[PDB]
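Peer 1: Residue numbers (the deposited numbering), protein chains in the order written: chain C, 182 to 238; chain D, 14 to 38, 63 to 72; chain D', 14 to 38, 63 to 72; chain B, 12 to 144, 158 to 278; chain B', 12 to 144, 158 to 278; chain A, 1 to 92, 99 to 258. A prime marks a further copy of an entry chain. In this text, a Cβ means the ideal position worked out from N, Cα and C, and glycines have one as well. This structure is in structure tokens; I'll ask about it shortly.
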């Protein structure tokens with residue numbers, strides 16, 4: 182998203198909690214949801230561009 | 014057949030019970070035709 | 014057949030005695070199924 | 012096994028303690044026919060309304076007594092948005108049609124724990140006026169007798185009689201004759217009921233009918249030792265199966 | 012003959028001076044396919060939106076000059092309700108879907124008499140911005169040149185240039201290249217145009233697109249001897265043919 | 001046996017399910033809905049018209065309205081009041103005629119009901135020659151009179167509806183069809199009959215009609231003593247739908 186148009190920004194993912202997490206006594210409060218981000222089986226990429234060399238600075 | 018629920022048995026004849034004409038020898066049609 | 018001990022003879026027709034539906038053209066089953 | 016997901020349109024609801032769907036009175040209550048009392052072409056199901064609608068219901072506490080119930084009308088909770096139950100394009104289709112004919116399909120979610128006890132009686136109750144004039161309605165002697173059901177006032181001409189009974193009573197011991205499942209705190213976190221269309225006519229008015237009422241009644245009160253999760257929240261999911269909308273007109277104004 | 016009735020849903024519109032439907036660019040412009048740029052299941056046509064929508068348009072007087080036009084965007088007149096054109100369940104479906112893909116079918120009714128003269132050019136014009144900033161828009165030199173079409177201001181950094189042209193001009197002599205019929209005062213009281221979906225993409229956004237604009241232009245001014253009916257009213261009827269709604273979300277808020 | 005009641009379905013077991021036993025042989029079938037409801041019972045005791053009536057005006061009725069009360073029997077097992085359908089049932099200004107089918111609702115464990123109605127009208131007066139009119143569900147009572155030889159004869163001696171004339175000391179009995187515009191009778195009802203300003207749970211046309219008894223003499227032969235008559239109804243070919251509750255038997 183250079184110019185933040187609909188051709189580059191495709192909306193939002195959001196995680197709500199529907200029902201609250203029920204714990205018994207003697208269990209840790211605030212558990213953690215570990216996120217991942219993979220590609221789908223129909224994911225495709227096109228037009229290789231020049232890199233961002235900012236990792237090496 | 015009118016308001017008649019009898020399907021079984023007529024005791025009197027059709028000339029006694031009813032009154033039939035003498036001789037001279063569902064699909065509801067329109068009452069007017071455009072010709 | 015209800016509370017009817019008549020097995021012999023119905024005098025009136027089934028449309029006069031009873032009231033039948035119009036058309037649009063022992064083994065006691067459960068009243069609830071687990072699916 | 013007990014892990015079932017029920018897809019309907021763009022909506023899929025999950026449970027891992029499924030007791031099986033309680034189909035009411037027939038094998039497939041989704042099988043329905045167009046009404047014989049309307050000559051226009053009806054509006055059948057389409058993919059924007061063939062879905063589940065999830066609303067909240069009031070929390071269940073220790074203070075809630077036995078037989079204290081809580082009623083959700085169908086489609087009356089879509090009109091008034093009871094429990095945040097916005098009906099989307101189903102209510103938008105319902106306000107524009109004079110008659111409507113559908114069976115329903117409900118799921119009431121309530122997650123307890125293995126340290127909680129108590130039971131809820133989630134039932135689909137035909138033809139009650141339990142939404143008419158707390159968080160929970162108490163089972164008094166007026167509800168058990170139908171003594172408080174709505175009535176036409178006789179006027180000043182008549183001596184006002186001692187009202188003692190009405191046919192829309194609740195016998196709280198016979199609510200398991202209805203299509204019901206019990207939401208025990210030690211068997212399941214949700215229950216499934218599938219009901220067909222019933223009514224005095226082949227199709228009924230959209231704004232007035234209460235042919236089915238979702239009824240959540242407390243059979244055993246909630247109990248837990250302190251430290252456990254207090255006041256678990258009851259929620260419900262409603263899916264209309266085979267609607268036949270009839271009589272298209274403008275959106276409903278009183 | 013010249014007496015045709017066009018049924019669409021619960022709507023039938025009549026004319027007894029029909030010139031024949033001007034189908035645009037193809038034999039049947041109603042034949043359309045789902046978009047290839049959306050993987051969700053689209054919302055195709057249904058009987059509550061497969062109908063004609065009749066709006067008024069401003070009256071045509073003697074004071075209205077030659078080439079003085081009047082533009083109706085599609086579906087832009089459904090959003091803003093231009094000319095009392097409430098779109099019903101079509102606009103209610105359009106505010107809830109992100110993309111929409113349909114061809115149109117228009118009929119502009121204007122009954123003159125045998126003692127009136129004048130001509131209107133009713134045309135479906137692709138991709139114009141004639142609704143953007158009287159009863160009738162006058163053909164000035166700004167409209168003939170595209171000089172007054174909307175633009176991004178360059179800011180104070182740049183010297184503001186002399187704007188002299190834009191590609192959304194109106195050449196008023198070449199408006200008969202479009203799908204058009206002339207509403208002559210001595211041949212017909214209404215004209216029919218059927219157009220298919222066109223656009224830069226296989227489907228376009230519901231809130232922004234102006235792929236078709238209904239354009240009613242005065243070619244010959246209205247004239248009549250006094251005693252005749254002054255200022256006959258122009259009305260139009262719009263029918264969406266084969267809509268493919270995509271991207272269901274909540275109702276559109278700015 | 002090991003079961004789950006939260007299923008919502010519990011199979012009716014026998015002695016041989018857990019214990020050593022057998023099935024009892026099925027003796028009777030008296031719980032048959034078409035059989036169990038096919039018997040007469042006292043519905044209502046109405047009074048006998050000696051002149052033409054004024055049918056009771058709709059609710060709420062104000063004071064001073066000259067109408068005729070206790071004369072019309074609204075043929076329904078549901079609670080009625082003042083010859084009109086009610087929702088609450090009451091008992092004890100004007101004392102309104104209330105009726106309820108006591109035998110029906112103690113076995114109306116269902117939501118919908120439909121039958122043909124067999125009405126029997128038994129006189130509660132010594133040697134009465136009365137006459138029973140009837141007008142269907144959704145119809146209305148014709149309330150005026152015509153003068154035949156200086157005698158006001160009411161319009162409920164005639165009509166296209168049944169008027170059954172009894173002998174002196176005789177009875178009246180005839181079967182009525184399901185004449186209502188509804189497919190079934192709502193034993194319990196949750197809707198409203200109007201869109202605006204309606205009562206919940208009150209069906210409009212859940213009845214087999216309305217009867218009334220009258221004396222087959224003109225209005226000038228009107229007596230002074232009020233004559234009463236009893237209304238018995240039988241449900242012929244009774245069908246029931248959608249299982250429901252039975253009323254709360256109290257413990258006090």
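Report yes if the C-beta distance between residue 121 of chain B' and residue 264 of chain B' is below 9 Å; otherwise report no.
Peer 2: As a working mapping, residue 121 of chain B' is identified with position 110 in the fifth chain. As a working mapping, residue 264 of chain B' is identified with position 240 in the fifth chain. Cβ distance not < 9 Å, so residue 121 of chain B' and residue 264 of chain B' don't count as in contact.
Peer 1: Using a Cβ-Cβ cut-off of less than 8 Å, list which residues of the region 245-273 of chain B approach chain C; keep chain order.
Peer 2: 251, 252, 253, 256, 257 and 259
Peer 1: Just tell me which of A/14, A/33, A/38 and A/13 has its CA closest to the CA of residue 18 of chain D'.
Peer 2: For the purposes of this step, residue 18 of chain D' is taken as residue 5 along the third chain, with counting starting at 1. Comparing Cα-Cα distances from residue 18 of chain D' to each of A/14, A/33, A/38 and A/13, the minimum goes to A/38.
Peer 1: Do residue 78 of chain A and residue 182 of chain A have their C-beta atoms within less than 9 Å of each other?
Peer 2: Position 78 of the sixth chain, counted from the first residue, corresponds to residue 78 of chain A. Position 176 of the sixth chain, counted from the first residue, corresponds to residue 182 of chain A. No, the pair does not count as a contact, with Cβ atoms beyond the cut-off.
Peer 1: With DSSP collapsed to three states, give me the class of residue 208 of chain B'.
Peer 2: Sequence index remark: in the fifth chain, residue 208 of chain B' carries index 184 (1-based). Correct three-state label for residue 208 of chain B': strand.
Peer 1: Cβ of residue 37 of chain D less than 9 Å from any chain D' Cβ?
Peer 2: Residue numbering aside, residue 37 of chain D sits at position 24 when the second chain is read from its first letter. Not one chain D' Cβ lies under 9 Å of residue 37 of chain D.
Peer 1: Just to confirm, is the Cβ distance from residue 184 of chain A to residue 214 of chain A under 9 Å?
Peer 2: Position 178 of the sixth chain, counted from the start, is the residue given in the question as residue 184 of chain A. Position 208 of the sixth chain, counted from the start, is the residue given in the question as residue 214 of chain A. Closer than 9 Å, so yes.
Peer 1: If you draw a straight line from the C-alpha of residue 43 of chain B to the C-alpha of residue 270 of chain B, how long is it?
Peer 2: Here the question's residue 43 of chain B lines up with position 32 in the fourth chain. Here the question's residue 270 of chain B lines up with position 246 in the fourth chain. C-alpha separation (whole angstroms): 15 Å.
Peer 1: Report yes if the CB atom of residue 65 of chain B is closer than 9 Å to the CB atom of residue 142 of chain B, and no otherwise.
Peer 2: Numbered from 1 along the fourth chain, position 54 holds the residue referred to as residue 65 of chain B. Numbered from 1 along the fourth chain, position 131 holds the residue referred to as residue 142 of chain B. Contact flag unset, no.
Peer 1: Tell me which same chain residues have a C-beta within less than 7 Å of the C-beta of residue 34 of chain B', skipping the five on either side of it?
Peer 2: One-based indexing of the fifth chain puts residue 34 of chain B' at position 23. For residue 34 of chain B', where only same-chain residues beyond five positions count, the Cβ hits under 7 Å are 40 and 218.
Peer 1: Just tell me which of B'/88, B'/174, B'/209 and B'/70 has its CA closest to the CA of residue 80 of chain B'.
Peer 2: Here residue 80 of chain B' refers to the residue found at position 69 of the fifth chain. The shortest CA-to-CA distance from residue 80 of chain B' to any of B'/88, B'/174, B'/209 and B'/70 is the one to B'/70.
Peer 1: From residue 174 of chain A to residue 276 of chain B, what does the alpha carbon distance come to, in whole angstroms?
Peer 2: Counted from its first residue, the sixth chain places residue 174 of chain A at position 168. Counted from its first residue, the fourth chain places residue 276 of chain B at position 252. If you take the alpha carbons of residue 174 of chain A and residue 276 of chain B, they lie about 58 Å apart.
Peer 1: When you check each C-beta in the region 218-237 of chain B against every C-beta of chain A, which residues fall closer than 9 Å?
Peer 2: 222, 223, 224, 225, 226, 228, 229, 231, 232, 233, 234, 235, 236 and 237
Peer 1: Return the chain-ordered list of same chain residues with a C-beta closer than 7 Å to the C-beta of residue 3 of chain A, the five sequence neighbours on each side being excluded.
Peer 2: As a working mapping, residue 3 of chain A is identified with position 3 in the sixth chain. Excluding sequence neighbours, residue 3 of chain A sits near 10.
Peer 1: Comparing the C-beta of residue 13 of chain B with each C-beta of chain F, is any distance below 9 Å?
Peer 2: Going by chain labels, chain F is absent from the structure shown, which instead holds the protein chains C, D, D', B, B' and A.
Peer 1: Pull up the distance between the alpha-carbon of residue 197 of chain B' and that of residue 78 of chain B', whole angstroms please.
Peer 2: Counted from its first residue, the fifth chain places residue 197 of chain B' at position 173. Counted from its first residue, the fifth chain places residue 78 of chain B' at position 67. The straight-line gap from Cα to Cα measures roughly 9 Å.
Peer 1: Cβ of residue 107 of chain B less than 9 Å from any chain B' Cβ?
Peer 2: As a first step, residue 107 of chain B must be located in the fourth chain, where it is residue number 96. Residue 107 of chain B counts as touching chain B'.
Peer 1: Taking 8 Å as the limit between beta carbons, can you name the residues of its chain near residue 25 of chain D, skipping five residues before and five after?
Peer 2: For this step, residue 25 of chain D is matched to residue 12 along the second chain. Excluding the 5 residues flanking it on each side, residue 25 of chain D has no same chain C-beta neighbour closer than 8 Å.
Peer 1: With DSSP as the reference, please indicate the residues paired to residue 98 of chain A in a beta bridge.
Peer 2: Here chain A breaks off after 92 and picks up again at 99, leaving residue 98 of chain A without coordinates.
Peer 1: Using a C-beta cutoff of 9 Å, does residue 39 of chain A count as contacting chain D'?
Peer 2: The count along the sixth chain starts at 1 and reaches residue 39 of chain A at position 39. Yes, its Cβ sits closer than 9 Å to a Cβ of chain D'.
Peer 1: When the cut-off is 9 Å and only beta carbons count, does residue 277 of chain B lie next to chain B'?
Peer 2: Locating residue 277 of chain B in the fourth chain gives position 253, where the first residue counts as 1. False, the Cβ-Cβ gap to chain B' never drops below 9 Å.
Peer 1: Should the region 233-251 of chain B be regarded as contacting the region 18-32 of chain B, the criterion being three or more beta carbon pairs within less than 8 Å?
Peer 2: no
Peer 1: Return the chain-ordered list of same chain residues with a C-beta closer than 7 Å to the C-beta of residue 19 of chain B', the five sequence neighbours on each side being excluded.
Peer 2: Reading the fifth chain from its first residue, position 8 is the one you call residue 19 of chain B'. Excluding residues within five positions, the ones whose Cβ falls inside 7 Å are 61, 62, 63 and 263.
Peer 1: Mapping DSSP to helix, strand and coil, what is residue 258 of chain A?
Peer 2: As a first step, residue 258 of chain A must be located in the sixth chain, where it is residue number 252. The answer is coil: DSSP assigns residue 258 of chain A none of H, G, I, E or B.
Peer 1: Tell me residue 147 of chain B's beta-bridge partners as DSSP assigns them.
Peer 2: Absent from the coordinates is residue 147 of chain B, which sits in the stretch where chain B moves from 144 straight to 158.
Peer 1: Against chain A, with Cβ distances strictly below 9 Å, would residue 16 of chain D' count as a contact?
Peer 2: Indexing the third chain from 1 puts residue 16 of chain D' at position 3. Chain A contact via Cβ: present.
Peer 1: So, does the CB of residue 38 of chain B fall closer than 9 Å to a CB anywhere in chain A?
Peer 2: Along the fourth chain, one-based indexing puts residue 38 of chain B at 27. Answer no: the Cβ-Cβ gap between residue 38 of chain B and chain A never drops below 9 Å.
Peer 1: Just reading off the beta strand (DSSP E) that residue 80 of chain B' is part of, what are its end residues?
Peer 2: Walking along the fifth chain from the start, residue 80 of chain B' turns up at place 69. Residues 80-85.
Peer 1: DSSP state of residue 128 of chain B, grouped into three classes?
Peer 2: What you label residue 128 of chain B is simply residue 117 of the fourth chain in a count that begins at 1. Strand.
Peer 1: Please list, in chain order, all residues of the same chain as residue 246 of chain A whose beta carbon is under 6 Å from its beta carbon, the five residues on each side excluded.
Peer 2: Counting from 1 along the sixth chain, the entry for residue 246 of chain A is found at position 240. Within the same chain, residue 246 of chain A has close Cβ partners 33, 116 and 119.
Peer 1: Just how far apart, CA to CA, sit residue 167 of chain A and residue 199 of chain A?
Peer 2: Locating residue 167 of chain A in the sixth chain gives position 161, counting from the first residue. Locating residue 199 of chain A in the sixth chain gives position 193, counting from the first residue. When rounded, the separation of the alpha-carbon atoms in residue 167 of chain A and residue 199 of chain A is 26 Å.
Peer 1: Excluding five sequence neighbours on each side, which residues of the same chain lie with their C-beta closer than 8 Å to the C-beta of residue 234 of chain B?
Peer 2: Indexing the fourth chain from 1 puts residue 234 of chain B at position 210. Taken in chain order, the residues that qualify are 84, 85, 87, 138, 139, 140 and 142.
Peer 1: Rounding to the nearest angstrom, what Cα-Cα distance links residue 148 of chain A and residue 190 of chain B in this structure?
Peer 2: By 1-based counting over the sixth chain, the position of residue 148 of chain A is 142. By 1-based counting over the fourth chain, the position of residue 190 of chain B is 166. Looking at the two C-alpha atoms, the distance is approximately 31 Å.
Peer 1: Quick check: what's the CA-CA separation for residue 171 of chain B' versus residue 203 of chain B'?
Peer 2: Residue numbering aside, residue 171 of chain B' sits at position 147 when the fifth chain is read from its first letter. Residue numbering aside, residue 203 of chain B' sits at position 179 when the fifth chain is read from its first letter. Roughly 25 Å between the two C-alpha positions.
Peer 1: Taking 8 Å as the line, does the beta carbon of residue 47 of chain B fall inside it for any heavy atom of the ligand ADP?
Peer 2: The ligand ADP is not part of this structure, which contains no ligands at all.
Peer 1: Checking contacts by CB at 9 Å: is residue 247 of chain C closer than that to chain B?
Peer 2: With chain C covering only 182 through 238, there is no way to say anything about residue 247 of chain C.
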